[PDB]
Amino acid sequence: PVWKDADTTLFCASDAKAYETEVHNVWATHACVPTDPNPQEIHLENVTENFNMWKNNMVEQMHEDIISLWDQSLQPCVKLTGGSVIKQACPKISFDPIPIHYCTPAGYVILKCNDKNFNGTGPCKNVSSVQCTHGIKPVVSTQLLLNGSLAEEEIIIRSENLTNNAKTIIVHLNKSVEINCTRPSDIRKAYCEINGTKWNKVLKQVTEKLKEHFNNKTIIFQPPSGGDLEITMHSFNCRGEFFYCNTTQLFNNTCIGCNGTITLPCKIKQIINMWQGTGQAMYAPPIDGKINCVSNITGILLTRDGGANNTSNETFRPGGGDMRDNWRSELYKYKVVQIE
Ligand SMILES: NCCNC(=O)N1CCC[C@H](C(=O)Nc2ccc(Cl)c(F)c2)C1
Ligand SMILES: *[C@@H]1O[C@H](CO)[C@@H](O)[C@H](O)[C@H]1NC(C)=O
Ligand SMILES: *[C@@H]1O[C@H](CO)[C@@H](O)[C@H](O)[C@H]1NC(C)=O
Ligand SMILES: *[C@@H]1O[C@H](CO)[C@@H](O)[C@H](O)[C@H]1NC(C)=O
Ligand SMILES: *[C@@H]1O[C@H](CO)[C@@H](O)[C@H](O)[C@H]1NC(C)=O
Ligand SMILES: *[C@@H]1O[C@H](CO)[C@@H](O)[C@H](O)[C@H]1NC(C)=O
Ligand SMILES: *[C@@H]1O[C@H](CO)[C@@H](O)[C@H](O)[C@H]1NC(C)=O
Ligand SMILES: *[C@@H]1O[C@H](CO)[C@@H](O)[C@H](O)[C@H]1NC(C)=O
Ligand SMILES: *[C@@H]1O[C@H](CO)[C@@H](O)[C@H](O)[C@H]1NC(C)=O
Ligand SMILES: *[C@@H]1O[C@H](CO)[C@@H](O)[C@H](O)[C@H]1NC(C)=O
Ligand SMILES: *[C@@H]1O[C@H](CO)[C@@H](O)[C@H](O)[C@H]1NC(C)=O
């Protein structure tokens, strides 16, 4: 057939258990339809489509949905919002992101890039066409992208413009790294155990890959030097508890006696700078007992340092804050068009 680049309102789908008390299931149970029981994907032969992950409206729409999900599902005791302040009940909630499918209404279709080393921008020569994206888990975090998909070939570097150092860099890993984070039975004391062996290996590979994009220059990793706790640390939510974990051991250029298990120190903060921008909020103290999540690190968000134009090296620090980049990391291979 034929089509034309177009933006329209998408709808969502899920496998939300209607009996579930969990907040992602509850939101999906009443804001999304059931997943396509017979999903039909059909490859388009001799067709080349130009995709642009950084200028894609599916990002902004999914981002809209996640603010909605969080605003109805999270119960802070007090919300400080731009001069207003609201007290409330803050019961414990059950939190565990479920995949969400995004789907075009009639008159529109979703194009999907299957070029395996597609970097997100430019043309794609193996294009399919779907009614619905795949199941995307909306995991909220900084620096480390958790529980996502992997690049099926090489490690991929994505940025709207690598020459601009204000542009976030998204590295898509081809090998997942486990991050196992516990708060066992100070109650906010917590920690993350990562296999230093595997981690160091793939960071060297990132290093390798990054050097390609930077004329063989020297690649150096550093901790963030400026920003709120949420972006200077690895922030994420595990079972309703906001985790803040120190990344300094995972970005030491020493090991790019150090192959055991890295133990990142962590704190469970009750007062957080909300990622939606609204302000700052307070929550109740953590649950009794063992609070643990085992996640897959599938990508890394990084920022290059400015002012290295005639310098010997390039400096990269873990990044985050704009969580459209997180949706970016899974919606890059997709584009919405209207059948003409
Ligand atoms: N390049 C964009 C700059 N980003 C920015 O200015 N923000 C405003 C202040 C910090 C905000 C934040 O990231 N919050 C947060 C909360 C909970 C979790 Cl779990 C998490 F992963 C993150 C983001
Ligand atoms: C196109 O992508 C499909 C699905 O990812 C995969 O089988 C292969 O890489 C490509 N197939 C052809 C015929 O080009
Ligand atoms: C992505 O690929 C396009 C060519 O399709 C190229 O113009 C662009 O520089 C590449 N970007 C990165 C970050 O590799
Ligand atoms: C972690 O990664 C493996 C493959 O590396 C995958 O099979 C598994 O489902 C992933 N776990 C989660 C929770 O996504
Ligand atoms: C991941 O990509 C790197 C190149 O970036 C490659 O050397 C390595 O073999 C890949 N690993 C896997 C498991 O695909
Ligand atoms: C990328 O960023 C640099 C520096 O901000 C800018 O000079 C340039 O115009 C941008 N785009 C390209 C294609 O280089
Ligand atoms: C995660 O760590 C805890 C304590 O550090 C341990 O009991 C548990 O077996 C670990 N789980 C995995 C999957 O490694
Ligand atoms: C670290 O990961 C490697 C795989 O590369 C594996 O040999 C080992 O199980 C892991 N380390 C520990 C202490 O379990
Ligand atoms: C960058 O270094 C690699 C090292 O393997 C070399 O092969 C390559 O020639 C260098 N750069 C360019 C632009 O060729
Ligand atoms: C992370 O830990 C290092 C020491 O290991 C410390 O110097 C640094 O201040 C910590 N980061 C933050 C944001 O506090
Ligand atoms: C990643 O997925 C696993 C398995 O579904 C889950 O236990 C864990 O909480 C997830 N991690 C995050 C940060 O949501």
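Remember, it's 1-based here, ligands and their atoms both numbered in the order they're listed. Only heavy atoms go into these numbers, but all of them, side chains included; no hydrogens, no water, no symmetry mates. This chain uses plain numbering: 1 for the first residue, then up along the sequence.
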Undergrad: Going through the distances and angles, do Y334 and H134 end up as a ring pair (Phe, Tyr, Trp, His ring centres under 6.0 Å)?
TA: CA-CA 10 Å; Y334 293 113; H134 66 290; 5.6 Å; yes
Undergrad: Within the structure, does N216 bring an N/O atom to less than 3.5 angstrom of an N/O atom in ligand 9?
TA: yes
Undergrad: Quick one: which of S73, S14, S68 gives a side-chain hydrogen bond (donor to acceptor under 3.5 Å, both in side chains) with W27?
TA: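 For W27, the side-chain hydrogen bond (donor to acceptor under 3.5 Å, both in side chains) test succeeds with only one of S73, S14, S68, which is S68.
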Undergrad: Counting heavy atoms not belonging to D186, are there more than 12 under 6.0 Å from its CG?
TA: yes
Undergrad: List the protein residues in contact with ligand 2, where contact means a heavy-atom separation under 4.0 angstrom.
TA: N114, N126
Undergrad: Could you tell me which atoms of ligand 8, counted from 1 in the order shown, lie closer than 4.0 angstrom to a heavy atom of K198?
TA: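 The atoms of ligand 8 under 4.0 Å from a heavy atom of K198 are 1 (C), 2 (O), 3 (C), 4 (C), 5 (O).
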Undergrad: For the CD atom on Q276, are there more than 12 heavy atoms of other groups (residues, nucleotides or ligands in this structure) within a distance under 6.0 Å?
TA: yes
Undergrad: Tell me yes or no: SG of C293 and SG of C238, less than 2.5 Å apart?
TA: yes
Undergrad: Under 4.0 Å from any heavy atom of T261, which atoms of ligand 8 are there?
TA: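 Every atom of ligand 8 under 4.0 Å from some heavy atom of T261: 13 (C).
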Undergrad: Output, in order, the C-alpha distance, side-chain angles, deciding distance and verdict of salt bridge (charged side-chain N to carboxylate O under 4.0 Å, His left out) for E241 and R183.
TA: CA-CA 10 Å; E241 303 316 310; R183 199 289 317 247; over 6 Å; no
Undergrad: Take the SG atom of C266, take the SG atom of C245, and say whether they are under 2.5 Å apart.
TA: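 Cystine link detected, SG atoms below the 2.5 Å cut.
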